[PDB]
file coords-v7.tsv (TSV, C-alpha atoms and all ligand atoms)
chain	number	residue	atom	x	y	z
A	1	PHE	CA	-14.87	5.47	14.83
A	2	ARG	CA	-14.30	2.04	13.24
A	3	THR	CA	-13.40	0.29	9.97
A	4	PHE	CA	-13.67	2.51	6.87
A	5	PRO	CA	-16.87	1.61	5.03
A	6	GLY	CA	-15.76	2.30	1.44
A	7	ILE	CA	-11.96	2.21	1.79
A	8	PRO	CA	-10.42	-1.26	1.90
A	9	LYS	CA	-6.83	-1.27	3.21
A	10	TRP	CA	-5.25	-3.89	0.90
A	11	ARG	CA	-6.84	-4.91	-2.43
A	12	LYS	CA	-4.33	-7.42	-3.85
A	13	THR	CA	-5.03	-11.09	-3.09
A	14	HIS	CA	-1.51	-11.98	-1.89
A	15	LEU	CA	0.00	-9.93	0.95
A	16	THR	CA	3.32	-10.61	2.69
A	17	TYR	CA	4.86	-9.57	6.02
A	18	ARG	CA	8.33	-9.30	7.59
A	19	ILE	CA	9.05	-10.58	11.12
A	20	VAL	CA	11.36	-7.78	12.36
A	21	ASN	CA	10.09	-8.03	15.96
A	22	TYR	CA	11.68	-10.13	18.72
A	23	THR	CA	12.54	-10.19	22.45
A	24	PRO	CA	14.05	-12.35	25.15
A	25	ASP	CA	10.48	-12.85	26.27
A	26	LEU	CA	9.99	-14.35	22.79
A	27	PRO	CA	12.60	-16.12	20.72
A	28	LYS	CA	12.50	-15.95	16.91
A	29	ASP	CA	9.50	-18.29	16.66
A	30	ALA	CA	7.75	-16.55	19.59
A	31	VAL	CA	7.80	-12.96	18.30
A	32	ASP	CA	7.42	-14.54	14.88
A	33	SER	CA	4.54	-16.33	16.57
A	34	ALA	CA	2.55	-13.11	17.20
A	35	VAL	CA	3.42	-12.24	13.62
A	36	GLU	CA	1.99	-15.64	12.70
A	37	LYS	CA	-1.02	-15.46	15.02
A	38	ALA	CA	-1.64	-11.85	14.02
A	39	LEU	CA	-1.02	-12.48	10.33
A	40	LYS	CA	-3.08	-15.66	10.54
A	41	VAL	CA	-5.72	-13.96	12.64
A	42	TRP	CA	-6.54	-11.77	9.65
A	43	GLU	CA	-5.37	-14.25	7.00
A	44	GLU	CA	-8.02	-16.60	8.29
A	45	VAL	CA	-10.76	-14.06	9.01
A	46	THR	CA	-10.41	-13.20	5.29
A	47	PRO	CA	-9.86	-15.36	2.21
A	48	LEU	CA	-6.76	-13.28	1.32
A	49	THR	CA	-3.40	-15.11	1.22
A	50	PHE	CA	-0.10	-14.14	2.89
A	51	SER	CA	3.64	-14.84	2.46
A	52	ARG	CA	6.71	-13.90	4.53
A	53	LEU	CA	10.31	-12.71	4.20
A	54	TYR	CA	13.07	-10.83	6.06
A	55	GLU	CA	14.54	-8.47	3.44
A	56	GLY	CA	13.53	-5.47	1.31
A	57	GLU	CA	10.03	-5.10	2.78
A	58	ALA	CA	6.89	-7.28	2.83
A	59	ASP	CA	3.37	-5.86	3.03
A	60	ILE	CA	3.30	-5.64	6.86
A	61	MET	CA	6.85	-5.08	8.12
A	62	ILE	CA	6.38	-6.26	11.72
A	63	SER	CA	9.31	-4.76	13.66
A	64	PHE	CA	10.17	-4.09	17.31
A	65	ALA	CA	10.93	-0.48	18.37
A	66	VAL	CA	10.25	2.28	20.96
A	67	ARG	CA	10.32	6.09	21.35
A	68	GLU	CA	12.94	6.57	18.61
A	69	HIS	CA	11.26	6.29	15.18
A	70	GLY	CA	12.43	9.75	14.06
A	71	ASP	CA	9.66	12.37	14.26
A	72	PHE	CA	6.36	10.46	14.25
A	73	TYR	CA	4.54	7.38	15.73
A	74	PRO	CA	6.75	7.54	18.81
A	75	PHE	CA	6.43	4.41	20.98
A	76	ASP	CA	6.72	4.39	24.76
A	77	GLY	CA	6.85	0.89	26.38
A	78	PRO	CA	6.21	2.61	29.70
A	79	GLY	CA	2.91	3.91	28.28
A	80	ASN	CA	-0.47	2.65	27.01
A	81	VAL	CA	0.94	2.86	23.46
A	82	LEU	CA	1.61	-0.91	23.25
A	83	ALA	CA	2.07	-1.20	19.43
A	84	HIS	CA	0.80	-0.17	15.96
A	85	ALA	CA	1.22	-0.45	12.19
A	86	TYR	CA	0.90	1.84	9.12
A	87	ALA	CA	-1.69	2.29	6.34
A	88	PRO	CA	-1.73	1.94	2.55
A	89	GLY	CA	1.01	4.21	1.15
A	90	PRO	CA	4.56	3.99	-0.16
A	91	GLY	CA	6.64	1.69	2.09
A	92	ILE	CA	4.37	2.09	5.12
A	93	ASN	CA	1.80	0.24	2.96
A	94	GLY	CA	1.39	-2.19	5.87
A	95	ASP	CA	3.97	-2.21	8.67
A	96	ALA	CA	3.42	-3.16	12.32
A	97	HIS	CA	5.75	-2.78	15.26
A	98	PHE	CA	5.75	-4.04	18.87
A	99	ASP	CA	6.88	-1.76	21.71
A	100	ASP	CA	10.44	-2.63	22.78
A	101	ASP	CA	10.48	-1.02	26.23
A	102	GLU	CA	8.26	-3.55	28.07
A	103	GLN	CA	7.88	-7.11	26.71
A	104	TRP	CA	5.56	-9.38	24.75
A	105	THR	CA	4.39	-12.90	25.66
A	106	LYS	CA	1.96	-15.25	23.96
A	107	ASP	CA	0.62	-16.24	27.34
A	108	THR	CA	0.00	-13.67	30.03
A	109	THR	CA	3.63	-13.43	31.19
A	110	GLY	CA	4.76	-10.16	29.56
A	111	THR	CA	2.28	-8.13	27.53
A	112	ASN	CA	0.19	-9.77	24.80
A	113	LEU	CA	2.41	-11.12	21.99
A	114	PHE	CA	-0.07	-12.16	19.28
A	115	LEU	CA	-2.68	-9.98	20.96
A	116	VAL	CA	-0.93	-6.78	19.91
A	117	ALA	CA	0.33	-8.77	16.93
A	118	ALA	CA	-3.04	-9.24	15.31
A	119	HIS	CA	-3.58	-5.78	16.71
A	120	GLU	CA	-0.96	-4.30	14.34
A	121	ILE	CA	-1.20	-6.91	11.54
A	122	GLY	CA	-4.91	-6.37	11.97
A	123	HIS	CA	-4.32	-2.63	11.93
A	124	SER	CA	-2.84	-2.55	8.40
A	125	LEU	CA	-4.21	-5.71	6.70
A	126	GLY	CA	-7.13	-6.21	9.09
A	127	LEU	CA	-9.31	-3.25	10.06
A	128	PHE	CA	-9.56	-0.14	12.26
A	129	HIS	CA	-11.36	-0.98	15.53
A	130	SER	CA	-14.33	-3.38	15.83
A	131	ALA	CA	-16.21	-4.33	19.01
A	132	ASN	CA	-13.09	-5.69	20.59
A	133	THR	CA	-14.66	-5.91	24.05
A	134	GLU	CA	-14.32	-9.50	22.87
A	135	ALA	CA	-12.19	-8.96	19.71
A	136	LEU	CA	-8.42	-8.43	19.60
A	137	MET	CA	-8.35	-4.63	19.27
A	138	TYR	CA	-9.36	-4.12	22.94
A	139	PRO	CA	-8.28	-7.24	24.92
A	140	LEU	CA	-4.85	-5.73	25.64
A	141	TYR	CA	-6.19	-4.30	28.93
A	142	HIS	CA	-6.68	-7.90	30.14
A	143	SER	CA	-5.25	-11.28	28.99
A	144	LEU	CA	-5.75	-13.24	25.74
A	145	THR	CA	-2.54	-13.54	23.70
A	146	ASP	CA	-2.33	-17.33	24.17
A	147	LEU	CA	-3.63	-18.21	27.70
A	148	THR	CA	-6.71	-20.35	26.86
A	149	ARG	CA	-8.88	-18.07	24.67
A	150	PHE	CA	-6.29	-16.03	22.70
A	151	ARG	CA	-8.14	-15.20	19.45
A	152	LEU	CA	-10.13	-12.48	17.65
A	153	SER	CA	-13.84	-11.74	18.10
A	154	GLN	CA	-16.68	-11.50	15.57
A	155	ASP	CA	-16.42	-7.72	15.46
A	156	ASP	CA	-12.75	-7.54	14.43
A	157	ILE	CA	-13.52	-10.55	12.21
A	158	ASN	CA	-16.23	-8.29	10.81
A	159	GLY	CA	-13.87	-5.34	10.19
A	160	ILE	CA	-11.23	-7.49	8.47
A	161	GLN	CA	-13.91	-9.51	6.71
A	162	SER	CA	-14.91	-6.08	5.40
A	163	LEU	CA	-11.27	-5.67	4.37
A	164	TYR	CA	-11.19	-8.65	2.02
A	165	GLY	CA	-14.17	-11.07	1.73
A	166	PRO	CA	-15.48	-13.66	-0.72
A	167	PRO	CA	-14.84	-13.11	-4.42
A	168	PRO	CA	-17.77	-11.95	-6.54
A	169	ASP	CA	-16.95	-13.79	-9.80
A	170	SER	CA	-13.86	-12.63	-11.72
A	171	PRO	CA	-11.40	-15.24	-10.48
A	172	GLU	CA	-8.49	-13.27	-11.99
A	173	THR	CA	-7.77	-9.84	-13.51
B	1	LIG	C1	-4.91	-6.04	21.54
B	1	LIG	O1	-5.59	-4.80	21.51
B	1	LIG	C2	-4.81	-3.69	21.76
B	1	LIG	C3	-3.53	-3.60	21.19
B	1	LIG	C4	-2.73	-2.49	21.44
B	1	LIG	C5	-3.20	-1.47	22.26
B	1	LIG	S1	-2.17	-0.10	22.58
B	1	LIG	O2	-0.87	-0.42	22.08
B	1	LIG	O3	-2.27	0.28	23.95
B	1	LIG	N1	-2.68	1.18	21.70
B	1	LIG	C6	-4.13	1.50	21.84
B	1	LIG	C7	-4.28	2.65	22.80
B	1	LIG	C8	-3.22	3.05	23.59
B	1	LIG	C9	-3.40	4.12	24.46
B	1	LIG	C10	-4.65	4.75	24.49
B	1	LIG	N2	-5.69	4.38	23.72
B	1	LIG	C11	-5.49	3.34	22.89
B	1	LIG	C12	-2.15	1.29	20.32
B	1	LIG	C13	-3.07	0.56	19.33
B	1	LIG	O4	-4.19	0.19	19.64
B	1	LIG	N3	-2.59	0.33	18.13
B	1	LIG	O5	-3.38	-0.30	17.17
B	1	LIG	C14	-2.11	2.76	19.98
B	1	LIG	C15	-0.91	3.40	20.68
B	1	LIG	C16	-2.00	2.95	18.47
B	1	LIG	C17	-4.47	-1.54	22.83
B	1	LIG	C18	-5.28	-2.65	22.58
B	2	CA	CA	4.20	1.43	25.60
B	3	CA	CA	4.21	-1.96	3.87
B	4	ZN	ZN	6.19	2.20	15.90
B	5	ZN	ZN	-5.65	-0.24	17.38

call {"tool": "encode", "arguments": {"input": "coords-v7.tsv", "output": "structure tokens"}}
result
Amino acid sequence: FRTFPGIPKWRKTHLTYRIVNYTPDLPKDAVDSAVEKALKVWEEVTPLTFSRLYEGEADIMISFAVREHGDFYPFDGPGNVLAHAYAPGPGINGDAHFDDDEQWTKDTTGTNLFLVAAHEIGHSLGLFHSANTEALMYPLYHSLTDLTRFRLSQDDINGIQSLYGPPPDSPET
């Protein structure tokens, strides 16, 4: 149970995301922060590039929501299901979303803003689940969204690094 050895999530070299998440516990820049710490968490672990927007749909639509998606990935603030994103497909080709029934903070005041941010941005354009005992995919049950360590480990860095990585030679198509 971990990254898919032989199936890279995104292949392009320029991904983009949409900051559709937000909360009183995090103003635009704060929720956008987790979208920036998450996005950057994997944008830095890999050489891939990333852009942003707020219309149509980027590569990782980061949006806030709860038990009310329609008939699938049902959230539940009042439940371990803190957040999640989608996989490579049609529009769900990268889309994260933060629970909207509890709260998200960069520090340890609400939940784990960028923690679950790189968790979902890491989910679609990052990896599956690396040794997050230190990484970002398993800190949630603790504190590390901004306090004084807030960052990914070498195992999630490994999974995402397995996502993108250094170029072999062909600099362009
Ligand atoms: C920062 O690392 C983590 C982020 C989010 C979660 S989660 O939201 O609790 N959850 C994992 C999980 C919940 C309940 C039982 N077992 C695992 C999300 C998740 O990890 N999404 O990528 C589930 C609901 C998809 C935990 C750690
Ligand atoms: Ca929940
Ligand atoms: Ca997408
Ligand atoms: Zn959702
Ligand atoms: Zn996960």

call {"tool": "residues_near_ligand", "arguments": {"input": "coords-v7.tsv", "ligand": "ligand ZN 5 (chain B)", "cutoff": "9 Å", "atoms": "all atoms listed in the file", "output": "NGL selection string"}}
result
:A and (83-85 or 116 or 119-120 or 122-123 or 127-129 or 136-138)

call {"tool": "residues_around", "arguments": {"input": "coords-v7.tsv", "residues": "stretch 15-21 of chain A", "least_positions_apart": "4", "cutoff": "7 Å", "atoms": "all atoms listed in the file", "output": "list in words"}}
result
residues 31, 32, 35, 49, 50, 51, 52, 53, 54, 57, 58, 59, 60, 61, 62, 63, 64, 97 and 98 of chain A

call {"tool": "closest_residue", "arguments": {"input": "coords-v7.tsv", "among": "A:66, A:152, A:82, A:125", "to": "residue A:11", "atoms": "only C-alpha atoms"}}
result
A:125

call {"tool": "atom_distance", "arguments": {"input": "coords-v7.tsv", "atom1": "atom CA of residue A:81", "atom2": "atom CA of residue A:130"}}
result
18.2 Å

call {"tool": "atom_distance", "arguments": {"input": "coords-v7.tsv", "atom1": "atom CA of residue A:1", "atom2": "atom CA of ligand CA 2 (chain B)"}}
result
22.3 Å

call {"tool": "build_atoms", "arguments": {"input": "coords-v7.tsv", "residues": "stretch 46-79 of chain A", "atoms": "N, CA and C atoms", "output": "PDB file, in the coordinates of the input"}}
result
ATOM      1  N   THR A  46     -10.103 -13.528   6.709  1.00  0.00           N
ATOM      2  CA  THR A  46     -10.410 -13.200   5.290  1.00  0.00           C
ATOM      3  C   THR A  46      -9.873 -14.332   4.405  1.00  0.00           C
ATOM      4  N   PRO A  47     -10.299 -14.336   3.172  1.00  0.00           N
ATOM      5  CA  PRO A  47      -9.860 -15.360   2.210  1.00  0.00           C
ATOM      6  C   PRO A  47      -8.497 -14.963   1.619  1.00  0.00           C
ATOM      7  N   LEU A  48      -8.071 -13.753   1.865  1.00  0.00           N
ATOM      8  CA  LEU A  48      -6.760 -13.280   1.320  1.00  0.00           C
ATOM      9  C   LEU A  48      -5.636 -14.250   1.673  1.00  0.00           C
ATOM     10  N   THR A  49      -4.558 -14.203   0.935  1.00  0.00           N
ATOM     11  CA  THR A  49      -3.400 -15.110   1.220  1.00  0.00           C
ATOM     12  C   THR A  49      -2.256 -14.280   1.806  1.00  0.00           C
ATOM     13  N   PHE A  50      -1.226 -14.917   2.299  1.00  0.00           N
ATOM     14  CA  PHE A  50      -0.100 -14.140   2.890  1.00  0.00           C
ATOM     15  C   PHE A  50       1.221 -14.905   2.755  1.00  0.00           C
ATOM     16  N   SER A  51       2.301 -14.191   2.575  1.00  0.00           N
ATOM     17  CA  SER A  51       3.640 -14.840   2.460  1.00  0.00           C
ATOM     18  C   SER A  51       4.557 -14.195   3.502  1.00  0.00           C
ATOM     19  N   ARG A  52       5.818 -14.522   3.517  1.00  0.00           N
ATOM     20  CA  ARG A  52       6.710 -13.900   4.530  1.00  0.00           C
ATOM     21  C   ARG A  52       8.128 -13.733   3.992  1.00  0.00           C
ATOM     22  N   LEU A  53       8.919 -12.931   4.651  1.00  0.00           N
ATOM     23  CA  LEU A  53      10.310 -12.710   4.200  1.00  0.00           C
ATOM     24  C   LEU A  53      11.107 -12.053   5.330  1.00  0.00           C
ATOM     25  N   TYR A  54      12.239 -11.494   5.017  1.00  0.00           N
ATOM     26  CA  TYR A  54      13.070 -10.830   6.060  1.00  0.00           C
ATOM     27  C   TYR A  54      14.046  -9.885   5.351  1.00  0.00           C
ATOM     28  N   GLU A  55      13.660  -9.393   4.207  1.00  0.00           N
ATOM     29  CA  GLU A  55      14.540  -8.470   3.440  1.00  0.00           C
ATOM     30  C   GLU A  55      13.689  -7.424   2.732  1.00  0.00           C
ATOM     31  N   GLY A  56      14.309  -6.513   2.033  1.00  0.00           N
ATOM     32  CA  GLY A  56      13.530  -5.470   1.310  1.00  0.00           C
ATOM     33  C   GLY A  56      12.369  -4.993   2.177  1.00  0.00           C
ATOM     34  N   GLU A  57      11.197  -5.525   1.956  1.00  0.00           N
ATOM     35  CA  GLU A  57      10.030  -5.100   2.780  1.00  0.00           C
ATOM     36  C   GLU A  57       8.765  -5.834   2.320  1.00  0.00           C
ATOM     37  N   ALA A  58       8.134  -6.561   3.206  1.00  0.00           N
ATOM     38  CA  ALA A  58       6.890  -7.280   2.830  1.00  0.00           C
ATOM     39  C   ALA A  58       5.730  -6.294   2.787  1.00  0.00           C
ATOM     40  N   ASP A  59       4.549  -6.762   3.040  1.00  0.00           N
ATOM     41  CA  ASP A  59       3.370  -5.860   3.030  1.00  0.00           C
ATOM     42  C   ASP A  59       3.181  -5.285   4.432  1.00  0.00           C
ATOM     43  N   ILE A  60       3.437  -6.088   5.435  1.00  0.00           N
ATOM     44  CA  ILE A  60       3.300  -5.640   6.860  1.00  0.00           C
ATOM     45  C   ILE A  60       4.633  -5.842   7.568  1.00  0.00           C
ATOM     46  N   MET A  61       5.535  -4.913   7.446  1.00  0.00           N
ATOM     47  CA  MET A  61       6.850  -5.080   8.120  1.00  0.00           C
ATOM     48  C   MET A  61       6.639  -5.076   9.633  1.00  0.00           C
ATOM     49  N   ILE A  62       6.580  -6.224  10.247  1.00  0.00           N
ATOM     50  CA  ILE A  62       6.380  -6.260  11.720  1.00  0.00           C
ATOM     51  C   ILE A  62       7.744  -6.061  12.383  1.00  0.00           C
ATOM     52  N   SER A  63       7.970  -4.959  13.038  1.00  0.00           N
ATOM     53  CA  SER A  63       9.310  -4.760  13.660  1.00  0.00           C
ATOM     54  C   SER A  63       9.206  -4.260  15.097  1.00  0.00           C
ATOM     55  N   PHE A  64      10.195  -4.546  15.891  1.00  0.00           N
ATOM     56  CA  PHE A  64      10.170  -4.090  17.310  1.00  0.00           C
ATOM     57  C   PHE A  64      10.839  -2.712  17.417  1.00  0.00           C
ATOM     58  N   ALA A  65      10.307  -1.845  18.239  1.00  0.00           N
ATOM     59  CA  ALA A  65      10.930  -0.480  18.370  1.00  0.00           C
ATOM     60  C   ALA A  65      10.340   0.277  19.568  1.00  0.00           C
ATOM     61  N   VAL A  66      10.791   1.481  19.807  1.00  0.00           N
ATOM     62  CA  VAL A  66      10.250   2.280  20.960  1.00  0.00           C
ATOM     63  C   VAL A  66      10.353   3.772  20.627  1.00  0.00           C
ATOM     64  N   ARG A  67      10.235   4.623  21.611  1.00  0.00           N
ATOM     65  CA  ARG A  67      10.320   6.090  21.350  1.00  0.00           C
ATOM     66  C   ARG A  67      11.639   6.414  20.645  1.00  0.00           C
ATOM     67  N   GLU A  68      11.684   6.268  19.349  1.00  0.00           N
ATOM     68  CA  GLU A  68      12.940   6.570  18.610  1.00  0.00           C
ATOM     69  C   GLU A  68      12.724   6.312  17.111  1.00  0.00           C
ATOM     70  N   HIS A  69      11.531   6.524  16.629  1.00  0.00           N
ATOM     71  CA  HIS A  69      11.260   6.290  15.180  1.00  0.00           C
ATOM     72  C   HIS A  69      11.906   7.405  14.356  1.00  0.00           C
ATOM     73  N   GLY A  70      11.826   8.622  14.820  1.00  0.00           N
ATOM     74  CA  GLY A  70      12.430   9.750  14.060  1.00  0.00           C
ATOM     75  C   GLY A  70      11.683  11.046  14.384  1.00  0.00           C
ATOM     76  N   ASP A  71      10.446  11.141  13.978  1.00  0.00           N
ATOM     77  CA  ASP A  71       9.660  12.370  14.260  1.00  0.00           C
ATOM     78  C   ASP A  71       8.167  12.063  14.153  1.00  0.00           C
ATOM     79  N   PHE A  72       7.795  10.828  14.345  1.00  0.00           N
ATOM     80  CA  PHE A  72       6.360  10.460  14.250  1.00  0.00           C
ATOM     81  C   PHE A  72       6.090   9.220  15.116  1.00  0.00           C
ATOM     82  N   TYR A  73       4.934   8.610  14.945  1.00  0.00           N
ATOM     83  CA  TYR A  73       4.540   7.380  15.730  1.00  0.00           C
ATOM     84  C   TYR A  73       5.617   6.977  16.739  1.00  0.00           C
ATOM     85  N   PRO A  74       5.760   7.790  17.753  1.00  0.00           N
ATOM     86  CA  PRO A  74       6.750   7.540  18.810  1.00  0.00           C
ATOM     87  C   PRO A  74       6.200   6.502  19.796  1.00  0.00           C
ATOM     88  N   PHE A  75       6.917   5.437  20.025  1.00  0.00           N
ATOM     89  CA  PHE A  75       6.430   4.410  20.980  1.00  0.00           C
ATOM     90  C   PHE A  75       6.678   4.882  22.407  1.00  0.00           C
ATOM     91  N   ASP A  76       6.502   4.009  23.355  1.00  0.00           N
ATOM     92  CA  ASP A  76       6.720   4.390  24.760  1.00  0.00           C
ATOM     93  C   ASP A  76       6.420   3.209  25.684  1.00  0.00           C
ATOM     94  N   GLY A  77       7.106   2.096  25.512  1.00  0.00           N
ATOM     95  CA  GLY A  77       6.850   0.890  26.380  1.00  0.00           C
ATOM     96  C   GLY A  77       6.155   1.280  27.683  1.00  0.00           C
ATOM     97  N   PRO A  78       6.792   2.135  28.436  1.00  0.00           N
ATOM     98  CA  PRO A  78       6.210   2.610  29.700  1.00  0.00           C
ATOM     99  C   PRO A  78       5.034   3.547  29.389  1.00  0.00           C
ATOM    100  N   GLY A  79       4.076   3.067  28.642  1.00  0.00           N
ATOM    101  CA  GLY A  79       2.910   3.910  28.280  1.00  0.00           C
ATOM    102  C   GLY A  79       1.846   3.039  27.608  1.00  0.00           C
TER     103      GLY A  79
END
